[PDB]
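Student: I'd like to ask you about the structure that follows.
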Amino acid sequence: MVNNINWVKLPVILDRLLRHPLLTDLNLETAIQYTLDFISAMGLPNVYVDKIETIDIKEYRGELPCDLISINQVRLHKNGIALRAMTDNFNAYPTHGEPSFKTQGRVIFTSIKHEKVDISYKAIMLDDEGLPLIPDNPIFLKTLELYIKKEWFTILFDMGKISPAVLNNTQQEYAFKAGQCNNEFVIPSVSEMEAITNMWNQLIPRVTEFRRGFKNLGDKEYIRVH
Amino acid sequence: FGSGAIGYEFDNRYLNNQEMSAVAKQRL
């Protein structure tokens, strides 16, 4: 992403929506739900807060943080070796290898009995109130505005309180701004293209940056001169 | 005698129906 994620409070979107006379029954309560829906539907990883938090494994099981949404990595605390996805169907079940993990709810199922594991996860940036905090990018703001307007107009169209042409226009505009917002947050910046370039050109390919925390992924590959 | 309750609402409904036809002919 080229631009920086400067955070602003949620009613910034209600400042802009309520300019429309047909959206004056919208509320913070509705904006919260539709904002969370938009955040998930776009799935942008720059909108989440990166956190690292250690936990203990009692026996092939560990308690997971409260605010976790998605895991970047899990690794062993003492070695630093990363874990992979668990493909085993009988992990801690005995009868009569490398470490891996599997997470469903508040519980992470590892293949290790008693160790500390480090989890690098993504959460939502919250407010002084326990509420979501949105980027102030006017592209993001316009796209979220258009998302909420599209949902409200879809309800009102299901009633027959909006013309089909009005909803068709709203859907067209939301679709274009959704694509544009997707490209805004995903296209790398200059530093991210230097990292991608140093990942791309290897005379000797590097294929083991998962073992580390992808630390050396964008490190330049130097060849000595002979 | 007179009373415009049913008359007014039927006229309003007629106007709403040609309203919907007119807007349903609108295309971007």
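As shown in the structure tokens, the chain order sets the letters A, B, ...; within each chain, residues go from 1, and ligands are also counted from 1 in the order they appear.
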Would you kindly report the residues of chain B within 7 Å of chain A, using only C-alpha atoms, as a list in words?
Tutor: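 Residues passing the distance filter: residues 23, 26 and 27 of chain B.
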Student: Residues of region 6-226 of chain A classed as strand (DSSP E or B) by DSSP on the backbone are to be reported as JSON, numbers by chain.
Tutor: {"A": [7, 8, 48, 49, 50, 51, 52, 53, 54, 55, 56, 57, 62, 63, 70, 71, 72, 73, 74, 75, 76, 82, 84, 85, 100, 101, 102, 103, 107, 108, 109, 110, 116, 117, 118, 119, 120, 121, 122, 123, 124, 126, 132, 134, 135]}
Student: What is the distance between CA of residue 50 (chain A) and CA of residue 101 (chain A), in Å to one decimal?
Tutor: 19.7 Å
Student: Residues within 10 Å of region 9-15 of chain A, please, as a count of residues only. Count only C-alpha atoms; anything in the same chain fewer than 5 positions from it doesn't count.
Tutor: 23
Student: Compile the contact shell of region 55-68 of chain A as a list in words: residues with an atom at most 7 Å away, counting only C-alpha atoms, same-chain residues fewer than 4 positions apart removed.
Tutor: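 Skipping anything fewer than 4 positions along the chain leaves residues 92, 106, 107, 108, 109, 110, 111, 112, 113, 114, 115, 116, 117, 118, 121, 122 and 123 of chain A.
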Student: With C-alpha atoms retained, export the selected residues as a tab-separated table (two decimals), in the first residue's frame.
Tutor:
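What ended up in part-v6.tsv:
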```
chain	number	residue	atom	x	y	z
A	92	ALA	CA	-2.70	-36.66	19.67
A	106	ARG	CA	-10.32	-20.33	21.03
A	107	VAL	CA	-8.11	-23.43	20.85
A	108	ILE	CA	-4.97	-24.21	18.83
A	109	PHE	CA	-4.19	-27.90	18.29
A	110	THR	CA	-0.45	-28.44	17.92
A	111	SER	CA	1.48	-31.69	17.49
A	112	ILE	CA	3.66	-30.90	20.53
A	113	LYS	CA	2.83	-31.80	24.12
A	114	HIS	CA	4.38	-29.14	26.40
A	115	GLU	CA	6.04	-26.12	24.81
A	116	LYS	CA	5.56	-22.38	24.47
A	117	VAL	CA	4.58	-21.24	20.98
A	118	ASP	CA	4.65	-17.72	19.57
A	121	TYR	CA	-1.84	-12.77	14.53
A	122	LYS	CA	-4.01	-9.99	13.14
A	123	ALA	CA	-6.72	-8.16	15.10
```
Student: Would you list, as an MDAnalysis selection string, the residues of chain B that end up in alpha helix (DSSP H) under DSSP run on this structure's backbone?
Tutor: chainID B and resid 5:24
Student: Can you list, as a PyMOL selection string, every protein, DNA or RNA residue that comes within 8 Å of residue 212 (chain A) when you count only C-alpha atoms, leaving out same-chain residues fewer than 4 positions away?
Tutor: chain A and resi 80-82+208+216
Student: One number please: CA of residue 196 (chain A) to CA of residue 178 (chain A), in Å, one decimal.
Tutor: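 These two atoms are separated by 25.0 Å.
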Student: Do you have the CA of residue 16 (chain A)-CA of residue 3 (chain A) distance handy?
Tutor: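 About the pair CA of residue 16 (chain A) and CA of residue 3 (chain A): they are 21.4 Å apart.
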Student: Excluding residue 170 (chain A) and any residue of its chain fewer than 2 positions from it, enumerate the residues within 9 Å of it, using only C-alpha atoms, and give them as a VMD selection string.
Tutor: chain A and resid 146 to 147 149 to 150 153 165 to 168 172 to 175
